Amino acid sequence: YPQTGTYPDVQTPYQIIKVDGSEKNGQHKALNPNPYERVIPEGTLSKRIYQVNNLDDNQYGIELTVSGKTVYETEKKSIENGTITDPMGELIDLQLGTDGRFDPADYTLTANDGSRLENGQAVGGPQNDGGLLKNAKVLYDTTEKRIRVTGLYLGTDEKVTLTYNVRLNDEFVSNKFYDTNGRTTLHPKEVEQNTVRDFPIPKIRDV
């Protein structure tokens, strides 16, 4: 087993460990960052395999979270029109519709104010106006194989969660671990175009 991954932004290691439910013939088939949450200057981010959907067929659910920070100068949010960029890893197939597109039915985007996207539309929140997700979108390109979430505005104890499912491609090499994602990042602030923060990356393999 690889013991670590490396955050590209700051070039420090994170530990990775066995995912519960991934044991098969005395070996484990999946690894998660430990811890899977990372404290960044703007708040907290996280990424993990959060469930095993079908171990033999190498299908897993993936979960990302982000939460922000309130600053007084005027209140301001540390995450302000922020963007998540989440490329699928090499040999990782995102689970898509019958139509071959990433549709509302293939992901969830929810927030801790009780808002969520429903068929692409933000609903709920304490004002029933879409709340924390009023301006959020989930985008996918089938060629680049990359999810983006735009429109994040988050202060203290304001948190958003994304889930989706993936499957290891049949062309896997035996015993090789594959990162579930390419470099996965949060750009917290539209006003700071060069500030980027890495999410840690889970890994999977088959025999």
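So that there is no doubt, residue numbering starts at 1 and follows the sequence shown.
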- Message: I'd like to know the size of any gap between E73 and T74, counted in deposited residues with no coordinates: none, 1 to 3, 4 to 9, or 10 or more.
- Response: 4 to 9
- Note on the structure: Once average C-alpha B-factors are taken from the entry for 172 to 180 and 146 to 154, the winner is 172 to 180
- Note on the structure: Per the PDB entry, mean CA B-factor is higher for 21 to 29 or 182 to 190, namely for 21 to 29
- Choose from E37, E42, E63, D57 the residue with the greatest Cα B-factor as stated in the PDB record. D57
- Note on the structure: Entry record, C-alpha B-factors for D86, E118, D99, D106; the maximum is at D99
- Among the modelled residues of its chain, the C-alpha B-factor of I79 falls in the third labelled middle
- Sorting the chain's modelled residues by C-alpha B-factor and splitting them into thirds places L94 in the middle
- Where the record places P2 (Cα B-factor, split into thirds across the chain): highest
